[PDB]
Structure formats: structure tokens, C-alpha cells
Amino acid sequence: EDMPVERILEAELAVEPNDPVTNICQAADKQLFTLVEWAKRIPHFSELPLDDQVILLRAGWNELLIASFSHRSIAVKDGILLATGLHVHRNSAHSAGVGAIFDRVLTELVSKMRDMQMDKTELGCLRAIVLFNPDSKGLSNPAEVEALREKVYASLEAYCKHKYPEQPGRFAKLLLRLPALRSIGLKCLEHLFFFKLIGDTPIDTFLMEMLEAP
């Protein structure tokens, strides 16, 4: 009941017009600010108690950001485009020790997004679904978040089938990239925690705050 994909697409268009690891971390810190503005534009997100808004973002920021630069890089050959305007090529990632996870992003996310021509509306919805994760520990009212998630995918499915009537399996194909996103998201965090432990690699304040407990 009330969760128009037009509002979601708008949130998307509204937020987005040497060591490659360092550059990636600087980009992630920069996008963390933009992510907050994005969520605020997602219907009913702001109407939730501040405590739960914090929980949802702290729980999904990584998948949310990974989905964004992945969809943004669909045009690029073998690399991804950072929000800062810099490009990280596959070879560059490999030469810095993060080749395996970088390849997983290109293979499981970017490639697949390109093969099906996932549009901005679809991306927006998928991120909205990730944002509205009812499994987030600590939620004051999980059922309420669960209800919002269902309205997003209800609207998303309607969008599909009407926009891509000739692809009856599109809706399912979209949701089926979520397990991959979750997996890649967890691996990216492990690397990040390790980078912090090792000491090298500058980590800005917002990114660092995301690495705080719990």
C-alpha cells in the first residue's frame, strides 16, 4: 500500500549524476554521506524511528554501495567506475592484492547487470529491498520493516512484466542476484576490517564509524 517506483527512481537520479585500495576507501567514505540522503528519499524510511534508520543503514551500507558502483560500471570493460570519477582496472586491482574479490564483482554483479540491462528503476528497488532488511538485529519493529520490503518488491514486480512483458522471469532474476550481493558484501567487509588491523590504508571517519561495534 503506497510505494511507487517513481519515487525510488528519483532517489537514484537525485544522488548520482596510486594504491587502488586507498582510492576505493576514499570513494566509499564519500558515498556514505550520499547514501544517507538517498535513504531519506526512499518512501517511509524517514518515518521510522531514528534508532531503526541507523540500524538499517549500518546493516546494509556495504551491499547498498556495492550495488551502486556495480551498476554504474556496466559500461566499463574490465574495471569499475568510482564515484570520485576514477577508474579501477582489473589489472590494477590484481596488482594490489585484491584481485579475487574484484573479479567476483565483475563476474557476479557487473557482468550480470549488463547482460540483462538492469535499469535504474530496478537497481533502486533492489537497493530499497536491501535497505528494508527485517533480519537486522535490534529493530524495534521488524514486522513494520518487513511490510515495507514487501511493498517495494510488490511495486518492482509490477514494474517488470509491464516494462518487460516478454521476460516473465525478470523479477526472479533480479532478486536472485541478492545472495551474491550478500556474499560479496561480507567478503568486502572482511578485507576492510583487515586493512584497519594492518594499519596501512587511510580510513576516513564515516567509513571508520561503520566499522565500529556492534
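Residue indices: 1-based, along the sequence shown.
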task = Say whether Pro20, which has coordinates in the shown structure, is without coordinates in a third or more of the other compared entries.
result = no
remark   = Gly199 to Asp200: deposited residues not modelled, binned count -> none
Of 37-45 and 60-68, the one with larger mean CA B-factor = 37-45
remark   = Quick note on 162-170 and 185-193: per-entry mean CA temperature factor is higher in 162-170
task = Could you say which of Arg127, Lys77, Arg104, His94 has its CA atom at the highest B factor, as listed in the PDB entry?
result = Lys77
request  = Comparing against every modelled residue in the chain, figure out the third that the C-alpha B-factor of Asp51 lands in (lowest, middle or highest).
outcome  = highest
B-factor third for the C-alpha atom of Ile24 within its chain = lowest
remark   = Entry-reported C-alpha B-factor of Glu108 relative to its chain, by third, is lowest
note = Assert third(CA B-factor, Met118) within chain per record equals middle
request  = Taking the chain's C-alpha temperature factors as the reference, tell me which third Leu86 falls into: lowest, middle or highest.
outcome  = highest
